[PDB]
């Protein structure tokens, strides 16, 4: 078919993030694993440039759609896309402050997916909860997957973050995933992928790092036909 074939074993992945927040460059490298059947995976992320000038929380969606556990009967696009891979173009528009714009590419290196991401963060308030690291947790969410022309899928999401003063920071996530090949590919119908994300500190690592576990799984909701069933 046959991308899903390749992902039937336990994979590794490596992430290279080249970023810019308010004219200030930063670099994040990450690695982790996803044991079959997937949909529950951990990543260790380190800031190469010493200290991250912002909250690690908004970085969560940067540090693997092919690792979400999909169901039998919904087509797993991210996985279909290999070996030739896929690009992602993504904007996160945070209400009353900055926009995160990223470009991703994914290559398959045996049982290792290599991810290369440039990210720009502009218009972020230097006093705000993101720059001042006042973000407490990442809200779970129901992202919405929509077929998009012949080579793409579109992921729309509301990503919310709890602040220190108990309020809420809301990002408008819009993410295009484009298949790199020219061959026809199966494009899944409208569905959902649920994403729950927790960021933790490992006492082991002295570096500016996070460990991050994501539980992600796809699902659909039964359409009604008057009765329906």
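Only the largest set of C-alpha atoms that superpose within 1.5 Å between the two forms is called the rigid core. Residue numbers count along the first chain shown, from 1.
- Farther on average from this form in 4 other deposited structures of this protein lies stretch 196 to 204, the comparison being between 196 to 204 and 42 to 50 by RMS Cα distance after core superposition.
- Counting the deposited residues that fall between residue 63 and residue 64 and carry no coordinates gives a value of 1 to 3.
- For the pair 210 to 218 and 6 to 14, the record assigns the higher mean C-alpha temperature factor to 6 to 14.
- Stretch comparison (154 to 162 versus 83 to 91) by mean CA B-factor in the PDB entry places 83 to 91 on top.
- Of the candidates 117, 100, 74, 131, the deposited coordinates give 74 the top C-alpha B factor.
- You'll see in the entry that, of 197, 49, 204, 194, the Cα B factor peaks at 204.
- The PDB entry assigns residue 31 a C-alpha temperature factor belonging to the middle third of its chain's modelled residues.
- Ranked against the other modelled residues of its chain, the C-alpha B-factor of residue 169 as given in the entry falls in the middle third.
- Among all modelled residues in this chain, the alpha-carbon of residue 42 has a temperature factor (C-alpha) in the middle third.
- The deposited CA B-factor of residue 58 belongs to the lowest third of values across its chain.
- When the CA B factors of the chain's modelled residues are split into thirds, the value for residue 125 lands in the middle one.
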